[PDB]
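There are 2 protein chains.
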Amino acid sequence: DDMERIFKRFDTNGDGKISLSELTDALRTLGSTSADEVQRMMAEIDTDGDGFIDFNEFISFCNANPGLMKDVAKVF
Amino acid sequence: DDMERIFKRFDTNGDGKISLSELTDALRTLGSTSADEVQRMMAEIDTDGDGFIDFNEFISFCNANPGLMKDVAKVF
Ligand SMILES: [Ca+2]
Ligand SMILES: [Ca+2]
Ligand SMILES: [Ca+2]
Ligand SMILES: [Ca+2]
Numbered sequence: 003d004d005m006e007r008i009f010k011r012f013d014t015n016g017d018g019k020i021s022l023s024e025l026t027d028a029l030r031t032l033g034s035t036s037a038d039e040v041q042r043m044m045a046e047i048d049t050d051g052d053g054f055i056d057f058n059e060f061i062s063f064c065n066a067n068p069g070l071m072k073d074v075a076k077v078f
Numbered sequence: 003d004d005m006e007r008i009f010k011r012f013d014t015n016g017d018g019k020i021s022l023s024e025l026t027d028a029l030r031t032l033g034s035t036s037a038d039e040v041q042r043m044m045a046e047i048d049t050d051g052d053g054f055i056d057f058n059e060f061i062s063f064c065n066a067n068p069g070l071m072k073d074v075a076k077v078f
């Protein structure tokens, strides 16, 4: 039920919908991550285990997560 | 495309790979995103365009992006 729990973390007032202010506030948290949380994210994408994300790995991750380039990237 | 563009933007020292520090900076950038930029991300996920992301829309995004959700779980 992790997905529902994550949704609940985003939906501050619990009215069943994530607003602009709620999404922005949630992103603010994602950008204040600890060194170890970043390492955990690195482990997920660093498939060849060299400690870095090369372009092959980035492309592979994007192909498995179309929302990264179609949704999240629209931020940058 | 935006893939190569985004990769390059965060590969600070241009060695072709994203390090832990560079990934940390990318996350902090995402975290300091203006509501205006966040709005573009929200519009992509907000399928019915009511200005909010309901659970159904949130679920669809999660299902299509198992990798991103794993990263999010590192925080939420
Ligand atoms: Ca809400
Ligand atoms: Ca690697
Ligand atoms: Ca680099
Ligand atoms: Ca909606």
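Protein chains in written order, with full-length UniProt numbering: chain A, 3 to 78; chain B, 3 to 78.
C-beta atoms are modelled at their ideal positions from N, C-alpha and C, and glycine is treated no differently.
Closer than 7 Å: residue i CB and nearest ligand 2 heavy atom
i: residue 3 of chain A; result: no
Residue i CB to nearest heavy atom of ligand 3 below 7 Å
i: residue 17 of chain B; result: yes
Residue i: CB within 7 Å of a non-hydrogen atom of ligand 4
i: residue 54 of chain B; result: yes
i: residue 86 of chain A; result: The structure shown does not extend to residue 86 of chain A, since chain A is modelled only from 3 to 78, so the question has no answer here.
Residue environment, residue i, which counts as buried when at least 16 other CB atoms sit within 10 Å
i: residue 19 of chain B; result: buried
i: residue 3 of chain B; result: exposed
i: residue 55 of chain B; result: buried
i: residue 50 of chain A; result: exposed
i: residue 24 of chain A; result: buried
i: residue 88 of chain B; result: Absent from the model: residue 88 of chain B. The displayed extent of chain B is 3 to 78, so no value can be given.
i: residue 48 of chain B; result: buried
i: residue 58 of chain A; result: exposed
> Do three or more CB pairs link the segment 18-35 of chain B to the segment 20-34 of chain A at distances below 8 Å?
Replying inline: By the Cβ rule, the segment 18-35 of chain B counts as touching the segment 20-34 of chain A, because three or more pairs are nearer than 8 Å.
>> For the segment 65-76 of chain A against the segment 13-23 of chain A, do three or more pairs of beta-carbon atoms, one drawn from each stretch, fall closer than 8 Å, so that the two count as touching?
In response: no
> Along the segment 23-37 of chain A, what residues have a CB closer than 8 Å to any CB found in chain B?
Replying inline: 23, 25, 26, 28, 29, 30, 31, 32, 33, 34, 35 and 37
> When Cβ atoms are compared, which residues of the segment 58-74 of chain A fall closer than 8 Å to chain B?
Replying inline: The residues in question are 60, 61, 63, 64, 66, 67, 68, 69, 70, 71, 72, 73 and 74.
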